[PDB]
Engineer: 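I'd like to ask some things about the structure below.
Residue numbers start from 1 in every chain, and the chains themselves are labelled A, B, ... in the order their sequence lines are given, proteins ahead of strands. All heavy atoms count here, side chains included; hydrogens, waters and symmetry mates do not.
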2 protein chains.
Amino acid sequence: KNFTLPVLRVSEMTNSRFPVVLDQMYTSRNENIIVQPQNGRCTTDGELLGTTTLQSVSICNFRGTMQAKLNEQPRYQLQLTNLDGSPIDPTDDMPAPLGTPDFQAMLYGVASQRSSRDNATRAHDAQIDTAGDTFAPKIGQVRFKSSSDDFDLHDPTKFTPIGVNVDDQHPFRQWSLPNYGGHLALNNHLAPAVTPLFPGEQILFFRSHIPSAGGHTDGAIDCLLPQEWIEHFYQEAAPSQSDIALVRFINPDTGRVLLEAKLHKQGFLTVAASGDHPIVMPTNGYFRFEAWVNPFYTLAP
Amino acid sequence: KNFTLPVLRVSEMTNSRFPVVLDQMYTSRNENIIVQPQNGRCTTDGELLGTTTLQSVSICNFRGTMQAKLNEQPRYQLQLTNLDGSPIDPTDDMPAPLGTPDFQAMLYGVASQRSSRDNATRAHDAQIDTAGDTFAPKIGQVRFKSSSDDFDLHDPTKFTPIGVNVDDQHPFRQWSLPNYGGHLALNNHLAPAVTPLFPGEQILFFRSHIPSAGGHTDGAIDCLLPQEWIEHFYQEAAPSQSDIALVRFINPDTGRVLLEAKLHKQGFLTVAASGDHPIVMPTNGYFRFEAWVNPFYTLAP
């Protein structure tokens, strides 16, 4: 069972941390930041981790029923299920339901309902502060704010994300994890933090720019693996013959290698690079597996 | 090379006609309807058809610029690009830009903006009538209605779909194609209509129930192939040995065959069934390719 990567171009792939297409590759040092995303987490042999779900359309989604309309904004209190409808097993080895956002922001989207008895429907804008005190998806408790009063108590309710809403009180901080159990509980069952552990290396990320309802923001969000790679590794389940798969970015227009990287079995890439900047490449380019290498392989810048 | 199918469960896959998870499999006679969807169209050897795009998150999206505000609803005039940013080439051998909706409805979502000069952002609800005379995505002309006046001219604008909005004047008609060129024009480069070609057979659909902002509607939308199968075929490009691949839905724990279907090389499935009803199958099963069969193969009911 040989290890392989999808052949898709960057522009043919999807961010694994928000439901949007990829725009570019990007590297950064992330000085003093703990890089520990919970979406887009999969080992090279196909073990999904954190809150990672298989369908990109489900990233940053919530599903459940409307438990209550409270007095204070955010007035609307959800009681969550898993996105497949199945109930929330609290003994589960996940930090929160699959698909839960893994960053702190005001998440902007639409809350929609369907009444089961007659299929009556309604939907309005909804915002969820993933840094807020009542944000406790682990225990199934999320609240959203909406300018509308047209919601039915107890109907099935879906939150579809659109983007963020940035203001001085609500920054978009992509590397700051929510407290999935609210501010009175510590996060658990987390996918591990990632960092380069070799001199002169930085993580190579796949970057998108997500919509915003407010602010002068580029909406940049960086994932460790395209969602399509996760789907592929889950299917292939190829064994790891070392801790590092050496991969080469090849331009099929020329047959030439333009970049070497290390694909770590834990599910992230590193390159020999310095600084925070995009990695510009021909658009038909894609990574190919080359070989499993030992732990001291040096990458050419 | 050999033909294969992904091993994903139905609940692990995505509709190819709207950016939502699959709910179930379903069959219908569709008597006296022309079933000719343009999204989710791909041959088994990986040739994309209609308006099919690879990223599920792009289905029913639009991208462009705010060209003008008009005096009458729908006031907001977009001039589209392709979803990648490139300009619309009327020459193209496509019925409309990749991802354009392939049904008549009031499509409900959010229009977001980011200014080119400095990334100033805003986003509000947007509704696009894909049955309206002025809906002409083929030539890049799409108007949306919004209750907000907080949109700015000549800024890059993205439409992210959420669902539909059904009322008496605006039904959701999943099998009625838009007039992609505007004002009752001539659709071209269409993926062909599909029908079973064999006694006792009906098409097997992968169904989702999409959100709605109004009306009594189940939101049902039936696709011919899960998006994950499309992306697999596109990358594998495996040849066919006949017009029909026998595929078997199996329980993975035991190997027991639960259902036989025909996967037609043109990109759709048939089963031996009659009526309009779900195809009830254990949640953990999946289809496996068995063999390319001749035209006389009869399926188990």
Engineer: With a 4.5 angstrom heavy-atom cut-off, which part of A:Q227 approaches chain B: side chain, backbone, both or neither?
Structural biologist: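 The answer is neither part of A:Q227.
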Engineer: At a 4.5 Å cut-off on heavy atoms, which part of B:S56 comes close to chain A: side chain, backbone, both, or neither?
Structural biologist: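 Contact with chain A involves both backbone and side-chain atoms of B:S56.
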Engineer: Quick one: which of B:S112, B:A120, B:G109 has the most heavy-atom pairs under 4.5 Å with chain A, could you say?
Structural biologist: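 Sorted descending by pairs with chain A, the first entry is B:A120.
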Engineer: Heavy-atom pairs under 4.5 Å with chain A are the metric here; pick the option from B:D84, B:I59, B:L8 that has the most.
Structural biologist: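 The candidate making the most pairs under 4.5 Å is B:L8.
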Engineer: Examine whether an atom of A:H232 lies under 4.5 Å from a heavy atom of chain B, and if so say whether it belongs to the side chain, the backbone or both; otherwise answer neither.
Structural biologist: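 For A:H232, there is no contact with chain B at all, as no heavy atom is under 4.5 Å.
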Engineer: With a strict 4.5 Å heavy-atom criterion, list every residue of residues 155-169 of chain A that contacts chain B, or say none.
Structural biologist: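 Counting heavy atoms that sit under 4.5 Å from chain B, the residues of residues 155-169 of chain A involved are A:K158, A:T160, A:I162.
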Engineer: Is it the backbone or the side chain of A:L98 that comes under 4.5 Å from a heavy atom of chain B, or both, or neither?
Structural biologist: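 Neither part; nothing is under 4.5 Å.
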Engineer: So for A:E12, is it side chain, backbone, both, or neither that comes closer than 4.5 Å to the heavy atoms of chain B?
Structural biologist: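 Contact with chain B: backbone and side chain both.
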Engineer: For the pair A:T121 (side chain) and B:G215 (backbone), establish whether a donor and an acceptor sit closer than 3.5 Å, ignoring hydrogens and angles.
Structural biologist: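 Yes; judged by distance alone, with no hydrogens or angles, the pair exists.
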Engineer: Counting heavy-atom pairs under 4.5 Å to chain A, which of B:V7, B:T217, B:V21 comes out on top?
Structural biologist: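 With the most close heavy-atom pairs to chain A, the winner is B:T217.
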Engineer: Most heavy-atom pairs under 4.5 angstrom with chain B, which of A:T14, A:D23, A:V110?
Structural biologist: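 Most pairs with chain B among the choices: A:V110.
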Engineer: What's the shortest heavy-atom distance between A:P6 and B:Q235, and which atoms?
Structural biologist: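 Closest approach of A:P6 to B:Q235: CB-OE1, 3.3 Å.
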Engineer: Could you check whether atom CG of A:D253 has more than 12 heavy atoms from other residues, nucleotides or ligands sitting under 6.0 Å from it?
Structural biologist: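 Enclosed.
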Engineer: Any donor-acceptor pair under 3.5 Å linking the side chain of B:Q55 with the backbone of A:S11?
Structural biologist: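 Checked: pair present.
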Engineer: Using a heavy-atom distance cut-off of less than 4.5 Å, which residues of residues 278-287 of chain A contact chain B?
Structural biologist: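 No residue falls under the 4.5 Å cut-off.
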